[PDB]
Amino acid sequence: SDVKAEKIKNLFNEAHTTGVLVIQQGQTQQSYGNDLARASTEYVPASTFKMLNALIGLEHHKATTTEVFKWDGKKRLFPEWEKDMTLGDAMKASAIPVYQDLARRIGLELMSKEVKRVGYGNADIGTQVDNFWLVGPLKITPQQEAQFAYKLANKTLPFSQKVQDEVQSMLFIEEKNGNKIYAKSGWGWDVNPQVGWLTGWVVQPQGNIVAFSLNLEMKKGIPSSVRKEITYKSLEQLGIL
């Protein structure tokens, strides 16, 4: 379409930034928005990497889904992060320090192997095991993020079925009208320009999977809620939701 493609483009224009939305069904992708070249541009994944971090940590028994990651008492970026919490709690809160502890439990050698085995973005994690998804060198395109989400949704990533199911549960947002929505946001504010993400999928009522990845530039004055709003509005305009 042109008319729904034009309304999605204008959703991004009305937000006064550039962005793309990649949709995947089966093995075919379509892009929408006001800067389609973002779809094949690499950006740091920021907190969307927690999806893969959690898969790796659970697969290799560096954590359990019930384990509590203790706050060590040091000041964290947000007061909401200064709590003991599970990987699932930390996923919903995008609690970076919890997943940095997880990354250190995994360690550089195992982390690098699993990122390359999965084939995630440029698959380069460098030498610093607890920030490579925030400041580089790891980068991924929106097309690759939507492909990653599709495989996680279909449990075809190279991990056990049980671990993929557990990370799916950490990503569940809501079910409406039989549509199950899963998503993880991301905000890379330590790079310039700043990247904003919302990656996930919709399980349509018959079990059919529609994966997505929104990627835009986070400029000052642009509220964080823009990512979910444009995603949901676009999915409605495409009849996915």
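Heads up: residue numbers just count along the shown sequence, starting at 1.
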field: Higher-scoring stretch by recorded Cα B factor average, 34-42 or 54-62
entry: 34-42
statement: Of 221-229 vs 15-23, the stretch with the larger average CA B-factor in the entry is 221-229
task: Report the option among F78, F159, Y120, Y150 whose CA atom has the maximum B-factor in the deposited record.
output: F78
- request: Please place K180 in the lowest, middle or highest third of its chain by C-alpha B factor as given in the entry.
  value: middle
statement: By the entry's values, the third containing the CA B factor of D124 is the middle
Lowest, middle or highest third - CA B-factor, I209: highest
message: By the recorded C-alpha temperature factor, relative to the other modelled residues in its chain, which third is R105 in?
response: lowest
- line: Temperature factor at the Cα of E145, chain-ranked in thirds, falls in the lowest
